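Engineer: Sending over upload_14.pdb (PDB, C-alpha atoms).
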ATOM      1  CA  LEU T 111       0.000   0.000   0.000  1.00  0.00           C
ATOM      2  CA  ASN T 112       1.305   3.385  -1.064  1.00  0.00           C
ATOM      3  CA  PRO T 113       0.649   6.245   1.372  1.00  0.00           C
ATOM      4  CA  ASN T 114       1.628   8.631  -1.440  1.00  0.00           C
ATOM      5  CA  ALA T 115      -1.347   7.494  -3.560  1.00  0.00           C
ATOM      6  CA  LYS T 116      -3.434  10.179  -5.284  1.00  0.00           C
ATOM      7  CA  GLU T 117      -6.337  11.462  -3.182  1.00  0.00           C
ATOM      8  CA  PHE T 118      -9.665  10.197  -4.508  1.00  0.00           C
ATOM      9  CA  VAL T 119     -12.157  12.985  -5.222  1.00  0.00           C
ATOM     10  CA  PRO T 120     -15.873  12.059  -5.331  1.00  0.00           C
ATOM     11  CA  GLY T 121     -17.440  13.719  -8.370  1.00  0.00           C
TER      12      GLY T 121
ATOM     13  CA  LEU Y 545     -21.551  -2.431  -9.201  1.00  0.00           C
ATOM     14  CA  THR Y 546     -21.108  -5.353 -11.589  1.00  0.00           C
ATOM     15  CA  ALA Y 547     -18.125  -6.607 -13.599  1.00  0.00           C
ATOM     16  CA  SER Y 548     -20.125  -5.795 -16.769  1.00  0.00           C
ATOM     17  CA  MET Y 549     -20.541  -2.180 -15.628  1.00  0.00           C
ATOM     18  CA  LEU Y 550     -16.776  -1.953 -15.008  1.00  0.00           C
ATOM     19  CA  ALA Y 551     -15.892  -3.692 -18.275  1.00  0.00           C
ATOM     20  CA  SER Y 552     -17.725  -0.887 -20.102  1.00  0.00           C
ATOM     21  CA  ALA Y 553     -15.239   1.822 -18.948  1.00  0.00           C
ATOM     22  CA  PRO Y 554     -11.575   2.750 -19.806  1.00  0.00           C
ATOM     23  CA  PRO Y 555      -9.024   1.916 -17.024  1.00  0.00           C
ATOM     24  CA  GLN Y 556      -8.735   5.311 -15.272  1.00  0.00           C
ATOM     25  CA  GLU Y 557     -12.522   5.607 -15.363  1.00  0.00           C
ATOM     26  CA  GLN Y 558     -12.872   2.104 -13.908  1.00  0.00           C
ATOM     27  CA  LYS Y 559     -10.918   3.395 -10.926  1.00  0.00           C
ATOM     28  CA  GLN Y 560     -13.310   6.341 -10.562  1.00  0.00           C
ATOM     29  CA  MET Y 561     -16.285   4.039 -10.831  1.00  0.00           C
ATOM     30  CA  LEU Y 562     -14.935   1.771  -8.071  1.00  0.00           C
ATOM     31  CA  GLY Y 563     -13.934   4.790  -5.998  1.00  0.00           C
ATOM     32  CA  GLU Y 564     -17.440   6.254  -6.094  1.00  0.00           C
ATOM     33  CA  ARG Y 565     -18.798   3.037  -4.554  1.00  0.00           C
ATOM     34  CA  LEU Y 566     -15.949   2.526  -2.052  1.00  0.00           C
ATOM     35  CA  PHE Y 567     -15.739   6.128  -0.885  1.00  0.00           C
ATOM     36  CA  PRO Y 568     -19.004   6.364   1.125  1.00  0.00           C
ATOM     37  CA  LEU Y 569     -18.023   3.169   2.968  1.00  0.00           C
ATOM     38  CA  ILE Y 570     -14.427   4.196   3.622  1.00  0.00           C
ATOM     39  CA  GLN Y 571     -15.601   7.670   4.612  1.00  0.00           C
ATOM     40  CA  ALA Y 572     -18.017   6.136   7.123  1.00  0.00           C
ATOM     41  CA  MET Y 573     -15.104   4.215   8.664  1.00  0.00           C
ATOM     42  CA  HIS Y 574     -12.566   7.100   8.634  1.00  0.00           C
ATOM     43  CA  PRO Y 575     -14.150  10.451   7.788  1.00  0.00           C
ATOM     44  CA  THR Y 576     -10.935  12.449   8.172  1.00  0.00           C
ATOM     45  CA  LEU Y 577      -8.864  10.116   5.967  1.00  0.00           C
ATOM     46  CA  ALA Y 578     -11.523   9.159   3.450  1.00  0.00           C
ATOM     47  CA  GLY Y 579     -10.071  10.425   0.166  1.00  0.00           C
ATOM     48  CA  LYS Y 580      -6.524   9.355   0.906  1.00  0.00           C
ATOM     49  CA  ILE Y 581      -7.470   5.843   2.038  1.00  0.00           C
ATOM     50  CA  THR Y 582      -9.763   5.419  -0.974  1.00  0.00           C
ATOM     51  CA  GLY Y 583      -6.921   6.520  -3.252  1.00  0.00           C
ATOM     52  CA  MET Y 584      -4.561   4.033  -1.607  1.00  0.00           C
ATOM     53  CA  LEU Y 585      -7.017   1.164  -2.113  1.00  0.00           C
ATOM     54  CA  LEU Y 586      -7.714   2.163  -5.717  1.00  0.00           C
ATOM     55  CA  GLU Y 587      -4.151   1.160  -6.626  1.00  0.00           C
ATOM     56  CA  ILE Y 588      -5.139  -2.506  -5.962  1.00  0.00           C
ATOM     57  CA  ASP Y 589      -6.362  -4.869  -8.725  1.00  0.00           C
ATOM     58  CA  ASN Y 590      -9.964  -4.197  -9.777  1.00  0.00           C
ATOM     59  CA  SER Y 591     -10.997  -7.823  -9.169  1.00  0.00           C
ATOM     60  CA  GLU Y 592      -9.934  -7.489  -5.545  1.00  0.00           C
ATOM     61  CA  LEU Y 593     -11.719  -4.144  -5.251  1.00  0.00           C
ATOM     62  CA  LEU Y 594     -14.948  -5.657  -6.586  1.00  0.00           C
ATOM     63  CA  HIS Y 595     -14.531  -8.400  -3.988  1.00  0.00           C
ATOM     64  CA  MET Y 596     -14.085  -5.822  -1.231  1.00  0.00           C
ATOM     65  CA  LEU Y 597     -17.257  -4.035  -2.308  1.00  0.00           C
ATOM     66  CA  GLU Y 598     -19.180  -7.264  -1.640  1.00  0.00           C
ATOM     67  CA  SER Y 599     -17.249  -8.342   1.472  1.00  0.00           C
ATOM     68  CA  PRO Y 600     -17.430  -5.941   4.450  1.00  0.00           C
ATOM     69  CA  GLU Y 601     -14.850  -7.944   6.431  1.00  0.00           C
ATOM     70  CA  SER Y 602     -12.399  -7.847   3.509  1.00  0.00           C
ATOM     71  CA  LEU Y 603     -12.895  -4.112   3.099  1.00  0.00           C
ATOM     72  CA  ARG Y 604     -12.446  -3.542   6.838  1.00  0.00           C
ATOM     73  CA  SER Y 605      -9.206  -5.549   6.896  1.00  0.00           C
ATOM     74  CA  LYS Y 606      -7.771  -3.625   3.952  1.00  0.00           C
ATOM     75  CA  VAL Y 607      -8.869  -0.231   5.271  1.00  0.00           C
ATOM     76  CA  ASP Y 608      -7.309  -1.073   8.664  1.00  0.00           C
ATOM     77  CA  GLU Y 609      -4.028  -1.859   6.862  1.00  0.00           C
ATOM     78  CA  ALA Y 610      -4.192   1.356   4.827  1.00  0.00           C
ATOM     79  CA  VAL Y 611      -4.899   3.449   7.929  1.00  0.00           C
ATOM     80  CA  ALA Y 612      -1.946   1.879   9.782  1.00  0.00           C
ATOM     81  CA  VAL Y 613       0.347   2.501   6.796  1.00  0.00           C
ATOM     82  CA  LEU Y 614      -0.862   6.056   6.226  1.00  0.00           C
ATOM     83  CA  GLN Y 615      -0.608   7.048   9.890  1.00  0.00           C
ATOM     84  CA  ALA Y 616       2.843   5.473  10.303  1.00  0.00           C
ATOM     85  CA  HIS Y 617       4.017   7.283   7.168  1.00  0.00           C
ATOM     86  CA  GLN Y 618       2.711  10.656   8.302  1.00  0.00           C
ATOM     87  CA  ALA Y 619       4.016  10.204  11.845  1.00  0.00           C
ATOM     88  CA  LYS Y 620       7.448   9.094  10.635  1.00  0.00           C
ATOM     89  CA  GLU Y 621       7.679  12.143   8.343  1.00  0.00           C
ATOM     90  CA  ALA Y 622       6.636  14.451  11.197  1.00  0.00           C
ATOM     91  CA  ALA Y 623       9.176  12.825  13.550  1.00  0.00           C
ATOM     92  CA  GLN Y 624      11.993  13.222  10.981  1.00  0.00           C
ATOM     93  CA  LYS Y 625      11.171  16.915  10.496  1.00  0.00           C
ATOM     94  CA  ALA Y 626      10.299  17.818  14.104  1.00  0.00           C
TER      95      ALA Y 626
END
Can you present the structure in this file as structure tokens?

Structural biologist:
Amino acid sequence: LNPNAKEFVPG
Amino acid sequence: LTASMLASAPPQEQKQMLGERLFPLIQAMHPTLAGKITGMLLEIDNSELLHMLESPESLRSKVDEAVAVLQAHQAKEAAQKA
């Protein structure tokens, strides 16, 4: 698991 | 969300589609970390993500791992800079 993953934005 | 629904979308959009279904659940578990934890999980294989959407215990296990990893990362970075 990558704690630098892109933030998910609900759209 | 079905495999057929996912199969209909290009790969980056498949991730959005999965994220829209995972997010309310992950947000319920960890409101303050919701977007980051969802993003972390979205890196996983789609088949596993579909499984997690149908298996609350599997999702909880994975979210618990992500939260531990995220918090340890942030705390380590803070400690190194403090």

Engineer: Counting all atoms listed in the file, which of Y:597, Y:616, Y:578, Y:623 gets nearest to residue 545 of chain Y?

Structural biologist: Y:597

Engineer: Set the distance at 12 Å and use only C-alpha atoms: which residues neighbour residue 546 of chain Y once local chain neighbours fewer than 2 positions away are removed? I'd like the list as a short mmCIF file (atom, residue, chain, number, x, y, z; two decimals) with C-alpha atoms, in the frame of the given file.

Structural biologist:
data_model
loop_
_atom_site.label_atom_id
_atom_site.label_comp_id
_atom_site.auth_asym_id
_atom_site.auth_seq_id
_atom_site.Cartn_x
_atom_site.Cartn_y
_atom_site.Cartn_z
CA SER Y 548 -20.12 -5.80 -16.77
CA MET Y 549 -20.54 -2.18 -15.63
CA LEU Y 550 -16.78 -1.95 -15.01
CA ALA Y 551 -15.89 -3.69 -18.27
CA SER Y 552 -17.73 -0.89 -20.10
CA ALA Y 553 -15.24 1.82 -18.95
CA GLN Y 558 -12.87 2.10 -13.91
CA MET Y 561 -16.28 4.04 -10.83
CA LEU Y 562 -14.94 1.77 -8.07
CA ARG Y 565 -18.80 3.04 -4.55
CA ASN Y 590 -9.96 -4.20 -9.78
CA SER Y 591 -11.00 -7.82 -9.17
CA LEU Y 593 -11.72 -4.14 -5.25
CA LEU Y 594 -14.95 -5.66 -6.59
CA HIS Y 595 -14.53 -8.40 -3.99
CA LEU Y 597 -17.26 -4.04 -2.31
CA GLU Y 598 -19.18 -7.26 -1.64
#

Engineer: Could you build a table of the residues in chain Y lying no more than 12 Å from chain T, giving for each the nearest pair of atoms and their separation in Å rounded to one decimal place, using all atoms listed in the file, ordered by chain and ascending residue number, as CSV?

Structural biologist:
residue,atom,partner,partner_atom,distance
Y:556,CA,T:118,CA,11.9
Y:557,CA,T:121,CA,11.8
Y:559,CA,T:118,CA,9.4
Y:560,CA,T:118,CA,8.1
Y:561,CA,T:120,CA,9.7
Y:562,CA,T:118,CA,10.6
Y:563,CA,T:118,CA,7.0
Y:564,CA,T:120,CA,6.1
Y:565,CA,T:120,CA,9.5
Y:566,CA,T:120,CA,10.1
Y:567,CA,T:120,CA,7.4
Y:568,CA,T:120,CA,9.2
Y:570,CA,T:118,CA,11.2
Y:571,CA,T:120,CA,10.9
Y:577,CA,T:117,CA,9.6
Y:578,CA,T:118,CA,8.2
Y:579,CA,T:118,CA,4.7
Y:580,CA,T:117,CA,4.6
Y:581,CA,T:117,CA,7.8
Y:582,CA,T:118,CA,5.9
Y:583,CA,T:118,CA,4.8
Y:584,CA,T:115,CA,5.1
Y:585,CA,T:111,CA,7.4
Y:586,CA,T:118,CA,8.4
Y:587,CA,T:115,CA,7.6
Y:588,CA,T:111,CA,8.3
Y:589,CA,T:111,CA,11.8
Y:606,CA,T:111,CA,9.4
Y:607,CA,T:111,CA,10.3
Y:608,CA,T:111,CA,11.4
Y:609,CA,T:111,CA,8.2
Y:610,CA,T:111,CA,6.5
Y:611,CA,T:113,CA,9.0
Y:612,CA,T:113,CA,9.8
Y:613,CA,T:113,CA,6.6
Y:614,CA,T:113,CA,5.1
Y:615,CA,T:113,CA,8.6
Y:616,CA,T:113,CA,9.2
Y:617,CA,T:113,CA,6.8
Y:618,CA,T:113,CA,8.5
Y:619,CA,T:113,CA,11.7
Y:620,CA,T:113,CA,11.8
Y:621,CA,T:113,CA,11.5

Engineer: Just to confirm, what's the straight-line distance from atom CA of residue 576 of chain Y to atom CA of residue 625 of chain Y in Å (one decimal)?

Structural biologist: 22.7 Å

Engineer: By how many Å are atom CA of residue 575 of chain Y and atom CA of residue 600 of chain Y apart?

Structural biologist: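 Taking atom CA of residue 575 of chain Y as the start and atom CA of residue 600 of chain Y as the end point, the length is 17.0 Å.
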
Engineer: Return as lines of an AutoDock Vina configuration file the centre and edge lengths, in Å with one decimal, of the box along x, y and z that encloses every atom of segment 560-574 of chain Y in the file, padded by 6 Å per side.

Structural biologist:
center_x = -15.8
center_y = 4.7
center_z = -1.1
size_x = 18.4
size_y = 17.9
size_z = 31.5
